[PDB]
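Listing of my_file26.pdb; format and content: PDB, C-alpha atoms (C1' of nucleotides).
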```
ATOM      1  CA  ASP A   1     -48.403  93.093 164.279
ATOM      2  CA  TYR A   2     -52.160  92.588 164.565
ATOM      3  CA  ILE A   3     -53.566  94.949 167.197
ATOM      4  CA  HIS A   4     -54.398  92.287 169.793
ATOM      5  CA  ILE A   5     -57.200  93.077 172.288
ATOM      6  CA  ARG A   6     -57.769  90.586 175.087
ATOM      7  CA  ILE A   7     -60.502  91.158 177.557
ATOM      8  CA  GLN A   8     -60.000  90.282 181.236
ATOM      9  CA  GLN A   9     -63.106  89.696 183.461
ATOM     10  CA  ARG A  10     -62.595  89.643 187.308
ATOM     11  CA  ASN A  11     -65.960  89.469 189.037
ATOM     12  CA  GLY A  12     -68.941  87.838 187.373
ATOM     13  CA  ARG A  13     -68.892  91.156 185.599
ATOM     14  CA  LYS A  14     -65.685  93.145 186.484
ATOM     15  CA  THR A  15     -64.250  93.356 182.908
ATOM     16  CA  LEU A  16     -61.421  95.331 181.191
ATOM     17  CA  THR A  17     -61.029  95.430 177.388
ATOM     18  CA  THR A  18     -57.463  96.195 176.483
ATOM     19  CA  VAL A  19     -56.082  97.298 173.160
ATOM     20  CA  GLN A  20     -52.810  95.703 172.020
ATOM     21  CA  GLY A  21     -51.291  96.902 168.753
ATOM     22  CA  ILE A  22     -51.960 100.630 168.971
ATOM     23  CA  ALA A  23     -48.947 102.885 168.412
ATOM     24  CA  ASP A  24     -47.985 105.586 170.912
ATOM     25  CA  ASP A  25     -47.410 108.384 168.378
ATOM     26  CA  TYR A  26     -51.256 108.485 167.989
ATOM     27  CA  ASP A  27     -53.518 110.991 169.906
ATOM     28  CA  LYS A  28     -53.451 109.604 173.552
ATOM     29  CA  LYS A  29     -55.855 112.440 174.184
ATOM     30  CA  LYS A  30     -58.095 111.946 171.017
ATOM     31  CA  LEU A  31     -57.921 108.193 170.669
ATOM     32  CA  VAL A  32     -59.811 107.767 173.877
ATOM     33  CA  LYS A  33     -61.664 111.141 174.363
ATOM     34  CA  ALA A  34     -63.190 110.127 171.093
ATOM     35  CA  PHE A  35     -64.128 106.761 172.493
ATOM     36  CA  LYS A  36     -65.680 107.578 175.850
ATOM     37  CA  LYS A  37     -67.843 110.246 174.207
ATOM     38  CA  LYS A  38     -69.093 107.600 171.871
ATOM     39  CA  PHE A  39     -70.622 104.350 172.907
ATOM     40  CA  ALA A  40     -70.249 105.696 176.089
ATOM     41  CA  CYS A  41     -67.840 103.819 178.308
ATOM     42  CA  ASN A  42     -64.882 104.693 180.658
ATOM     43  CA  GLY A  43     -61.755 104.772 178.488
ATOM     44  CA  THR A  44     -58.178 105.446 179.637
ATOM     45  CA  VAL A  45     -54.406 104.886 178.919
ATOM     46  CA  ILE A  46     -52.106 102.484 180.873
ATOM     47  CA  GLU A  47     -48.638 101.073 180.148
ATOM     48  CA  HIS A  48     -49.645  97.457 180.467
ATOM     49  CA  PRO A  49     -46.411  95.513 180.197
ATOM     50  CA  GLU A  50     -47.120  92.036 178.544
ATOM     51  CA  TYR A  51     -48.415  94.337 175.755
ATOM     52  CA  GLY A  52     -46.747  97.815 176.000
ATOM     53  CA  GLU A  53     -49.043 100.928 176.248
ATOM     54  CA  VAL A  54     -52.701  99.779 176.023
ATOM     55  CA  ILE A  55     -56.022 101.655 176.173
ATOM     56  CA  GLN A  56     -58.484 100.575 178.843
ATOM     57  CA  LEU A  57     -61.952 101.563 177.823
ATOM     58  CA  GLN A  58     -64.464 100.454 180.394
ATOM     59  CA  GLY A  59     -66.890  98.051 178.734
ATOM     60  CA  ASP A  60     -67.317  95.080 176.411
ATOM     61  CA  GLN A  61     -66.416  96.591 173.040
ATOM     62  CA  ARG A  62     -66.364  93.045 171.659
ATOM     63  CA  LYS A  63     -69.265  93.599 169.258
ATOM     64  CA  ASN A  64     -68.559  97.275 168.578
ATOM     65  CA  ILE A  65     -64.869  96.826 167.774
ATOM     66  CA  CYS A  66     -65.797  94.247 165.102
ATOM     67  CA  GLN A  67     -67.377  97.268 163.619
ATOM     68  CA  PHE A  68     -65.278 100.388 164.612
ATOM     69  CA  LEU A  69     -62.924  97.927 162.705
ATOM     70  CA  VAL A  70     -64.942  97.206 159.438
ATOM     71  CA  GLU A  71     -64.776 101.009 159.063
ATOM     72  CA  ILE A  72     -61.974 103.477 159.785
ATOM     73  CA  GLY A  73     -58.942 103.470 157.498
ATOM     74  CA  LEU A  74     -56.029 102.436 159.699
ATOM     75  CA  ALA A  75     -56.367  98.853 160.931
ATOM     76  CA  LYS A  76     -57.507  96.073 158.601
ATOM     77  CA  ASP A  77     -60.634  94.024 157.895
ATOM     78  CA  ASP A  78     -58.597  90.854 158.399
ATOM     79  CA  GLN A  79     -56.191  91.536 161.265
ATOM     80  CA  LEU A  80     -59.209  90.871 163.509
ATOM     81  CA  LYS A  81     -58.037  88.708 166.500
ATOM     82  CA  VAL A  82     -60.456  88.705 169.500
ATOM     83  CA  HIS A  83     -59.566  86.918 172.642
ATOM     84  CA  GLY A  84     -61.978  88.586 174.886
ATOM     85  CA  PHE A  85     -60.526  87.334 178.206
TER      86      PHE A  85
ATOM     87  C1'   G B   1    -150.420 150.277 128.789
ATOM     88  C1'   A B   2    -146.019 145.020 127.996
ATOM     89  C1'   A B   3    -141.362 143.488 126.087
ATOM     90  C1'   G B   4    -137.210 146.198 126.058
ATOM     91  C1'   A B   5    -134.324 150.235 127.833
ATOM     92  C1'   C B   6    -130.852 155.020 130.452
ATOM     93  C1'   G B   7    -128.320 155.461 134.997
ATOM     94  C1'   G B   8    -128.158 154.031 140.015
ATOM     95  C1'   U B   9    -128.769 151.405 144.700
ATOM     96  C1'   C B  10    -128.751 146.554 147.399
ATOM     97  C1'   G B  11    -125.805 142.637 146.156
ATOM     98  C1'   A B  12    -125.942 136.802 145.842
ATOM     99  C1'   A B  13    -122.077 134.676 143.124
ATOM    100  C1'   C B  14    -117.386 134.115 140.693
ATOM    101  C1'   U B  15    -111.603 134.797 139.945
ATOM    102  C1'   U B  16    -106.589 136.124 142.384
ATOM    103  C1'   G B  17    -103.786 137.535 146.521
ATOM    104  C1'   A B  18    -103.721 138.944 151.811
ATOM    105  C1'   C B  19    -105.493 137.849 157.176
ATOM    106  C1'   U B  20    -107.108 135.256 161.349
ATOM    107  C1'   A B  21    -108.843 130.823 163.851
ATOM    108  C1'   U B  22    -109.273 125.494 164.077
ATOM    109  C1'   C B  23    -107.972 120.810 162.384
ATOM    110  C1'   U B  24    -105.156 117.334 159.879
ATOM    111  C1'   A B  25    -100.834 114.119 156.205
ATOM    112  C1'   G B  26     -95.163 113.501 156.639
ATOM    113  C1'   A B  27     -89.209 110.513 154.826
ATOM    114  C1'   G B  28     -86.486 111.106 158.985
ATOM    115  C1'   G B  29     -84.627 113.111 163.711
ATOM    116  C1'   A B  30     -84.372 113.700 168.916
ATOM    117  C1'   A B  31     -86.805 113.474 173.887
ATOM    118  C1'   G B  32     -89.409 111.446 177.693
ATOM    119  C1'   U B  33     -92.009 107.363 179.288
ATOM    120  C1'   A B  34     -93.019 102.215 180.511
ATOM    121  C1'   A B  35     -89.536  99.304 182.462
ATOM    122  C1'   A B  36     -89.315  96.427 184.896
ATOM    123  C1'   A B  37     -85.488  89.768 185.871
ATOM    124  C1'   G B  38     -79.963  92.626 180.345
ATOM    125  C1'   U B  39     -74.301  95.202 179.695
ATOM    126  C1'   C B  40     -70.407  98.451 181.741
ATOM    127  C1'   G B  41     -68.674 101.200 185.504
ATOM    128  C1'   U B  42     -69.635 103.005 191.737
ATOM    129  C1'   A B  43     -71.448 108.793 190.944
ATOM    130  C1'   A B  44     -74.481 110.123 195.796
ATOM    131  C1'   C B  45     -79.510 106.674 202.622
ATOM    132  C1'   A B  46     -74.783 104.577 208.545
ATOM    133  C1'   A B  47     -70.027 110.705 209.048
ATOM    134  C1'   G B  48     -72.322 105.898 202.678
ATOM    135  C1'   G B  49     -65.967 105.816 204.376
ATOM    136  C1'   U B  50     -64.988 112.876 200.016
ATOM    137  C1'   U B  51     -70.993 115.322 205.918
ATOM    138  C1'   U B  52     -75.246 116.428 202.873
ATOM    139  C1'   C B  53     -77.902 119.754 200.147
ATOM    140  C1'   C B  54     -79.104 125.150 197.567
ATOM    141  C1'   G B  55     -77.863 129.136 194.110
ATOM    142  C1'   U B  56     -74.439 129.396 189.936
ATOM    143  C1'   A B  57     -70.399 128.554 186.487
ATOM    144  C1'   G B  58     -66.921 125.231 183.943
ATOM    145  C1'   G B  59     -65.897 120.347 183.131
ATOM    146  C1'   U B  60     -66.498 114.703 182.997
ATOM    147  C1'   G B  61     -68.122 107.217 180.136
ATOM    148  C1'   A B  62     -72.010 107.343 183.211
ATOM    149  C1'   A B  63     -73.654 107.799 187.941
ATOM    150  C1'   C B  64     -70.962 112.768 188.779
ATOM    151  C1'   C B  65     -66.590 116.305 190.034
ATOM    152  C1'   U B  66     -65.065 120.864 191.359
ATOM    153  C1'   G B  67     -64.630 126.484 192.712
ATOM    154  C1'   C B  68     -67.359 130.744 194.808
ATOM    155  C1'   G B  69     -71.370 132.384 198.324
ATOM    156  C1'   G B  70     -75.668 130.024 201.320
ATOM    157  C1'   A B  71     -78.499 126.388 204.771
ATOM    158  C1'   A B  72     -78.715 122.239 208.568
ATOM    159  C1'   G B  73     -83.524 119.780 207.177
ATOM    160  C1'   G B  74     -75.798 117.361 210.371
ATOM    161  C1'   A B  75     -72.104 114.392 212.544
ATOM    162  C1'   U B  76     -72.249 120.571 217.208
ATOM    163  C1'   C B  77     -78.404 123.509 220.848
ATOM    164  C1'   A B  78     -72.080 122.937 225.384
ATOM    165  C1'   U B  79     -66.405 124.532 226.135
ATOM    166  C1'   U B  80     -66.240 125.370 230.450
ATOM    167  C1'   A B  81     -59.386 129.292 229.012
TER     168        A B  81
END
```
Spell out the structure here as structure tokens.
Amino acid sequence: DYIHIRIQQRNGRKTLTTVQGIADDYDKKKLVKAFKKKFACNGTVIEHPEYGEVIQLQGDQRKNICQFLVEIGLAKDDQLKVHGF
RNA sequence: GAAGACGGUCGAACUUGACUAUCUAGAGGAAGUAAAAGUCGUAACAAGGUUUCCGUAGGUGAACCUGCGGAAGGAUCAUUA
């Protein structure tokens, strides 16, 4: 159950980095209000349906996630699966 | 009538703290600046599609949003009952 991401870029620039694999019993207020106030990018929480509750931060956390995922203590340093859109 | 010498005064200098002024090293940290052809959003000159802005308080990725009292430098110098 690797927390899939996917990115999805509209315009030459109109991107949305999803988060697939994140439980719902986690802090849907602290998850993201810890994100936005961090690398400084518009997070939020939708019920995307090909995935099932994903967190839209507004940005390209493609290089940062690699990292906010060699740290922490929840995910894994191997379950890394980036398909930026 | 010399060296010396009693005690004093001036007091250089030296030793230790305090005081004041001026200058100057510094791991790192956080601003602002340049600036600028980068990344993510669209915050606010045409009513900029939420009129704008002031004082002030709280809050937000970020422009910013919002209440309360102002102003028009506004989009009304008029309202004809």
- Item | Distance in Å - atom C1' of residue B:41 versus atom CA of residue A:42 |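 If I compute the distance from atom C1' of residue B:41 to atom CA of residue A:42, I get 7.1 Å.
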- Selected residue of minimal separation from chain A among B:18, B:57, B:47, B:40, counting all atoms listed in the file: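 Once distances to chain A are computed over all atoms listed in the file, the minimum belongs to B:40.
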- Mind checking which residues fall within 8 Å of residue A:37, counting all atoms listed in the file, ignoring those fewer than 4 positions away in the same chain, and posting them as an NGL selection string? (:A and (33 or 41)) or (:B and (61))
- Task: May I have the residues of chain A within 9 Å of chain B, counting all atoms listed in the file, written as number ranges by chain?
- Result: A: 13-15, 35-43, 57-60
Could you save those same residues with C-alpha atoms as a PDB file, in the coordinates of the input?
```
ATOM      1  CA  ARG A  13     -68.892  91.156 185.599  1.00  0.00           C
ATOM      2  CA  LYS A  14     -65.685  93.145 186.484  1.00  0.00           C
ATOM      3  CA  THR A  15     -64.250  93.356 182.908  1.00  0.00           C
ATOM      4  CA  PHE A  35     -64.128 106.761 172.493  1.00  0.00           C
ATOM      5  CA  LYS A  36     -65.680 107.578 175.850  1.00  0.00           C
ATOM      6  CA  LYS A  37     -67.843 110.246 174.207  1.00  0.00           C
ATOM      7  CA  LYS A  38     -69.093 107.600 171.871  1.00  0.00           C
ATOM      8  CA  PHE A  39     -70.622 104.350 172.907  1.00  0.00           C
ATOM      9  CA  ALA A  40     -70.249 105.696 176.089  1.00  0.00           C
ATOM     10  CA  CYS A  41     -67.840 103.819 178.308  1.00  0.00           C
ATOM     11  CA  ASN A  42     -64.882 104.693 180.658  1.00  0.00           C
ATOM     12  CA  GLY A  43     -61.755 104.772 178.488  1.00  0.00           C
ATOM     13  CA  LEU A  57     -61.952 101.563 177.823  1.00  0.00           C
ATOM     14  CA  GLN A  58     -64.464 100.454 180.394  1.00  0.00           C
ATOM     15  CA  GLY A  59     -66.890  98.051 178.734  1.00  0.00           C
ATOM     16  CA  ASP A  60     -67.317  95.080 176.411  1.00  0.00           C
TER      17      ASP A  60
END
```
- Query: Exactly which residues make up the result of the PyMOL selection byres ((chain B and resi 74) around 8) on this file, given as an MDAnalysis selection string?
  - Reply: chainID B and resid 51:52 72 75
- Would you write out, as a PyMOL selection string, every residue that the PyMOL selection byres ((chain A and resi 53) around 9) captures in this file? chain A and resi 19-24+45-49+51-52+54-55
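The interatomic distance for the pair atom CA of residue A:76 and atom CA of residue A:3 works out to 9.5 Å.
Taking atom CA of residue A:12 and atom CA of residue A:62 as endpoints, the distance between them is 16.8 Å.
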- Task: Check which residues satisfy the PyMOL selection byres ((chain B and resi 56) around 12) in the file shown, then give them as number ranges by chain.
- Result: B: 54-55, 57-58, 67-70
Would you compute an axis-aligned box for stretch 58-69 of chain A, covering every atom listed for it in the file with 5 Å of margin on each side, and report centre and edge lengths in Å to one decimal as JSON?
```
{"center_x": -66.1, "center_y": 96.7, "center_z": 171.5, "size_x": 16.3, "size_y": 17.4, "size_z": 27.7}
```
Do you know which residues are at most 10 Å from residue A:81 counting only C-alpha atoms (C1' of nucleotides), after dropping those on the same chain fewer than 6 positions away, and could you put them as a CSV table (one decimal) with C-alpha atoms, in the frame of the given file?
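Wrote it out as around.csv, contents follow:
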```csv
chain,number,residue,atom,x,y,z
A,2,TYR,CA,-52.2,92.6,164.6
A,3,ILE,CA,-53.6,94.9,167.2
A,4,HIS,CA,-54.4,92.3,169.8
A,5,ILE,CA,-57.2,93.1,172.3
A,6,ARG,CA,-57.8,90.6,175.1
A,66,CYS,CA,-65.8,94.2,165.1
```
